[PDB]
Amino acid sequence: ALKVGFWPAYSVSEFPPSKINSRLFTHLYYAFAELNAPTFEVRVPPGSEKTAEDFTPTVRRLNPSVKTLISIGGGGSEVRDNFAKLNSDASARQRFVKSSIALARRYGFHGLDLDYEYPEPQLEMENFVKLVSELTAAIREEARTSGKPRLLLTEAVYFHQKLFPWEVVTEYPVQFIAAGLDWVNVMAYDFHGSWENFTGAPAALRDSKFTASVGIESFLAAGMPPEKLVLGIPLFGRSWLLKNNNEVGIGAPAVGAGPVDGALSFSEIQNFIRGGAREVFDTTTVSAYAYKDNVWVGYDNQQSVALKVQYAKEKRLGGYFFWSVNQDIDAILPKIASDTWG
Ligand SMILES: CC(=O)N[C@@H]1[C@@H](O)[C@H](O[C@@H]2O[C@H](CO)[C@@H](O[C@@H]3O[C@H](CO)[C@@H](O)[C@H](O)[C@H]3NC(C)=O)[C@H](O)[C@H]2NC(C)=O)[C@@H](CO)O[C@H]1O
Ligand SMILES: CC(=O)N[C@@H]1[C@@H](O)[C@H](O[C@@H]2O[C@H](CO)[C@@H](O)[C@H](O)[C@H]2NC(C)=O)[C@@H](CO)O[C@H]1O
């Protein structure tokens, strides 16, 4: 039963690792180490070496059984560009593989994660396959030479097995992934947001083609062992500005991004509700939304998280993950999730 949380280094001043309730997790990720083109000597951003080193001893103090991984990359164009450059260059791949393994050992992490959004089109998937195959082999070799248990290896994946479901250019090779990786973190969110002129459920479990269940179904149908899938749950919501204050449900017309630039942490959503916003549970999508005046936000709440976690158990999945733990400062949703699986 994998109970996974991502801690982003950007949040250190407001949410240091000491604030994570590690009792509610089995694995905690440090996000992110950088690719460091053109040498591809993978590293944490210079200046954050102390934070990276202290992360694992700190989180283990509250739950010694908890393990940690360091995630390399992240969302966004710069990371994607760097992976694409890296994966086409055999010498660069070698430097990346060696330095990433060294990095995990240097800071006392138990594993590595790759966050590459996304290995498409076909050429990019083919070259990513080369990188990951080489990384798997080197991880096994390092275990042999050091005598230590092999580093864990995971990666972030799109919600769906096909890239992309409306126009397939490539797809995740599930047998390859199951053999080389301990699990994948399924990013079952960002289905809807301010890029649309209507409100919607950003992480709908079901409904539409853009749902967590449809995505999970696609990986399983391709042949992914269910235990290799870890269901992502966001600790943030997507927000809109409403066109009309009297149209406040799902599918209401919108005029752009709400605060803050279209995303609001769960903790800020709790503040929003305490400040007069009305919370609504949407049973159709298994999600929540809240609104006040011209601001509308869709997110996961106590009820929808319990339902999603039970869904993951019903579907025989490896577990669940939260992005990102700094966004639920009181750990309300990680608590519900942990209690639900137990
Ligand atoms: C596994 C996963 O969920 N991956 C993707 C997420 O990483 C991504 O969340 C966003 O991550 C970036 C990088 O950590 C965040 O950007 C940072 O934001 C802070 C605060 O605003 C700012 O100080 C930093 O400068 C900025 N760093 C960078 C490198 O841009 C961003 O806040 C995260 N967004 C949310 C909503 O949590 C999500 C969403 O884009 O996508 C996942 O696929
Ligand atoms: C061809 C087309 O219109 N495709 C739409 C997708 O762009 C859209 O995907 C979403 O795009 C957002 C803006 O780039 C991203 O923030 C978000 O991650 C992404 N979500 C997914 C699941 O791919 C989808 C979903 O709204 O709709 C398609 O119609």
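Structure determination for this PDB entry is given in the record as X-ray crystallography, at a resolution of 1.29 Å.

The protein chain has the name Chitinase A in the PDB entry, where Cycas revoluta is given as its organism.

### What to know about the overall build of the protein chain
Regarding its fold elements, the protein chain presents nine helices and 16 strands. For 342 residues, the compact-globule formula gives about 20 Å, and the C-alpha radius of gyration of the protein chain, at 20 Å, lands near that figure. In terms of its C-alpha atoms, the protein chain occupies a principal-axis envelope of roughly 65 × 45 × 40 Å.

### Brief notes about the domain arrangement of the protein chain
Often, the extent of an interface is quoted as the loss of accessible area upon association of its parts. Splitting the protein chain by domain gives domain 1 (1-234 + 300-342) and domain 2 (235-299). Computed over C-alpha atoms only, the centres of domain 1 and domain 2 are separated by 27 Å. Residue-level contacts link 36 residues of domain 1 with 29 residues of domain 2. Together domain 1 and domain 2 conceal approximately 2500 Å² of surface at their shared face, both sides included; 63% is due to carbon and sulfur atoms. On the surface where domain 1 and domain 2 come into contact, there are one salt bridge. A salt bridge links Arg238 to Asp190; its shortest N-O distance comes to 2.8 Å.

### With respect to the site of ligand 2
Residues in close proximity to ligand 2 include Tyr158, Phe159, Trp166, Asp190, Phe191, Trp195, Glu196 and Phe210, which together make up its full environment. Interatomic distance of 2.9 Å between a backbone N/O atom of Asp190 and a nitrogen atom of ligand 2. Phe191 is positioned with one of its backbone polar atoms (N or O) 2.7 Å from an oxygen atom of ligand 2. Relative to its unbound accessible area of 600 Å², ligand 2 is 53% covered by the protein chains. For the shell around ligand 2, the per-class residue count stands at six nonpolar, no polar and two charged.

### Re the site of ligand 1
Near ligand 1 the following residues occur: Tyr10, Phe32, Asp115, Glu117, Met187, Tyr189, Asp190, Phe236, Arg238, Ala263, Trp323 and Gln327. Side-chain polar atom of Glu117 to an oxygen atom of ligand 1: 2.9 Å apart, as the coordinates give it. Between ligand 1 and the protein, one listed contact pairs an oxygen atom with a side-chain N or O atom of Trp323 at 2.9 Å. In isolation ligand 1 offers 800 Å² of accessible surface; the protein chains occlude 56% of this area. Within the shell around ligand 1, the residues separate by chemical class into seven nonpolar, one polar and four charged. Counting residues domain by domain, the shell around ligand 1 receives three or more from each of domain 1 (1-234 + 300-342) and domain 2 (235-299).

### Considering the side chain of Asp282
In this fold, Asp282 is placed in strand 13 (residues 278-282). Buried and unpaired, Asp282 has no salt bridge, with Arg206 as the nearest side chain of opposite charge at 11 Å. Apart from the residues within four sequence positions on either side, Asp282 is in contact with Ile250, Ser287 and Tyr289.

### Some thoughts on the sheet that holds strand 2 (residues 27-33)
Spatially, 1-2-3-4-5-8-9-16 is the arrangement adopted by the eight strands of the closed barrel, whose pairing is parallel. Taking the axes of each pair of neighbouring strands and ignoring which way they run, one obtains an average angle of 25° across the sheet. Strand contacts of helix 3 (residues 90-107): strand 2, strand 3 (67-74) and strand 4 (111-116), with the helix running at about 130° to strand 4, the strand carrying the most contacts.

### Description of the packing of aromatic side chains
In this structure the tally under the stated criterion is 29 aromatic pairs. With a centroid separation of 5.3 Å and an interplanar angle of 65°, the aromatic rings of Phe6 and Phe321 are classed as edge-to-face. Take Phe6: its relative accessible area is 5%, and that puts it in the buried class. With a relative accessible area of 1%, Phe321 lands in the buried category. A network of ring pairs unites the aromatic residues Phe6, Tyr29, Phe32, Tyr189, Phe236, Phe321 and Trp323 as a single cluster.

### Looking at the pattern of salt bridges
Under the definition given, this model contains eleven salt bridges. Between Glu34 and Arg43 there is a salt bridge; the shortest N-O distance is 2.6 Å. For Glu34, a relative accessible area of 24% puts it in the partly exposed group. One salt bridge in this structure joins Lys50 and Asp54, with 3.0 Å as the shortest N-O distance. Of this pair, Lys50 and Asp54 both sit in helix 1 (residues 49-60), four residues apart, roughly one helical turn. You can call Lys50 exposed: its relative accessible area is 52%. Taken together, the salt bridges that share partners define one network made up of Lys50, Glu53 and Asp54.

### Some thoughts on the nonpolar core
Within soluble globular proteins, side chains that are nonpolar tend to cluster in buried spots. Grouped together as the largest cluster of nonpolar side chains are 104 residues, with contacts concentrated most on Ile20, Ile70, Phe96, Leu112, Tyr172 and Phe322. No other element matches helix 3, which puts seven residues into this core. Built from parts of two domains, this core gets at least three residues from each of domain 1 (1-234 + 300-342) and domain 2 (235-299). Beyond its immediate sequence surroundings of up to four residues, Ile20 is in contact with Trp7, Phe15, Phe25, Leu28, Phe55, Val59, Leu62 and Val325. Among the nonpolar cores identified, the runner-up in size contains eight residues, and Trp240, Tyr289, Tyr291 and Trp296 belong to it.

Conventions used here
- Residues numbered from 1 in each chain as written, not as in the entry; some residues may be left out.
- Chains lettered and ligands numbered in written order.
- Heavy atoms only, no water.
- Residues with missing side-chain atoms left out of burial classes, pairs and counts.
- Helix = DSSP H or I, 4+ residues; strand = E, 2+ residues; numbered from the N terminus.
- Rg over C-alpha atoms; globule rule 2.2 N^0.38 Å.
- Domains from an automatic or database assignment.
- Contact = heavy atoms within 4.5 Å.
- Buried area = accessible area lost by both parts, 1.4 Å probe.
- Salt bridge = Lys/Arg side-chain N within 4 Å of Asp/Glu carboxyl O.
- Near = heavy atom within 4 Å.
- Polar contact = N/O pair within 3.5 Å; in protein donor to acceptor, adjacent residues only side chain to side chain.
- Areas by Shrake-Rupley, 256 points an atom, 1.4 Å probe, with all protein chains shown as cover.
- Nonpolar A, V, L, I, M, F, W, Y, C, P; charged D, E, K, R; others polar.
- Buried < 20%, exposed > 50% of the residue type's maximum accessible area, 1.4 Å probe, protein only.
- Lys, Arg positive; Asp, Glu negative; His and termini not counted.
- Pairing = 2+ DSSP bridges.
- Axes fitted to C-alpha atoms, helices over the stretch in contact; angles between N-to-C directions.
- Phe/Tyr/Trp six-rings, centres within 6.5 Å; stacked < 30°, edge-to-face > 60°.
- Core = buried A, V, L, I, M, F, W, Y, C linked by side-chain atoms within 4.5 Å.

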